[PDB]
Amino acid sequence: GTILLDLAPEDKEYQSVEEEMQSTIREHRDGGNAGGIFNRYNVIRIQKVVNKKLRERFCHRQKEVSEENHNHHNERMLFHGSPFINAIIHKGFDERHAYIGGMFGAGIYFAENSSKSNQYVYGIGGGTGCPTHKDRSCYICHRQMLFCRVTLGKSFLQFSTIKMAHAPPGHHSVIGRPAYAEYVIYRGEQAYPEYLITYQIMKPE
């Protein structure tokens, strides 16, 4: 069982999570075709995810990664947008659902920028938009994304669009660069869905 703990907007933990969410919005070449047209979000609530078994898989895998990377797990807080968010908070990240069409191959993707993860809340290319109004730029429906603990360990920095089924020897993750940085992991137990964020994209005035 998963427990969702509501963080209060007065909490420094909440202020930190939203600040990171708001401050990392940037412009995309698709002119917001996938995620929608916005300059800001409207944060409805932020919740801490608590699952005893998913923390066991994650903490077990950190120990393994640090032994292979000189007592350093190189953990980063990264965004994740998925049409599978409900299955992640209950059963965890699963590499059997890796993004086949990814630039850096069949792995699990994470963004530094909330704007990039927002383009995947409804699927690849914004899917067919929100389930109610079939709108990729819907300002009514409450969207969701995760702010995750990601054990990167030894990252392999990639620049070319080279499809990899697994990380290169000695490495635990792949960082791809050219408009923004993409973080790829090949093991589901290398991310923990720390925060579940419920928000809306805002129609500019």
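Start at 1 and count along the sequence shown; that's the residue number.
Query - Third-or-more of other entries without residue 162 - result: Across the compared entries, residue 162 is modelled every time.
Query - Flanks modelled, residue 153 absent in at least a third of other entries - result: no, residue 153 modelled in all other entries.
Query raised in the report: Do any residues of the deposited sequence lie unmodelled between residue 178 and residue 179, and which range holds their number: none, 1 to 3, 4 to 9, or 10 or more?
Result: Count of unmodelled residues in between: 4 to 9.
Query raised in the report: Comparing 190-198 with 13-21, which stretch shows the greater average C-alpha B-factor in the deposited entry?
Result: Taking the mean B-factor of the alpha carbons in each, 13-21 is higher.
**Report entry** Comparing 50-58 with 158-166, the one whose average Cα B-factor in the PDB entry is higher
**Finding:** The deposited B-factors put 158-166 ahead on the C-alpha mean.
Query raised in the report: Highest Cα B-factor in the PDB entry belongs to which of 87, 108, 78, 103?
Result: Highest CA B-factor of the listed options: 103.
Report task. Just say lowest, middle or highest third for the CA B-factor of residue 174 relative to the other modelled residues in its chain. Result -> Tercile = middle for this residue's CA B-factor.
Query raised in the report: Taking the C-alpha B-factors as the PDB entry records them, is residue 151 in the lowest, middle or highest third of its chain?
Result: Residue 151: CA B-factor falls in the lowest third of its chain.
Requested in this report: Divide the modelled residues of the chain into thirds by Cα B-factor and specify which third, lowest, middle or highest, holds residue 132.
Outcome: Highest third of the chain for residue 132's C-alpha B-factor.
Requested in this report: Please place residue 116 in the lowest, middle or highest third of its chain by C-alpha B factor as given in the entry.
Outcome: As the PDB entry reports it, the C-alpha B-factor of residue 116 lands in the middle third of its chain.
Query raised in the report: For residue 97, does the deposited CA B-factor place it in the lowest, middle or highest third of the chain?
Result: Its C-alpha B-factor belongs to the middle third of this chain's values.
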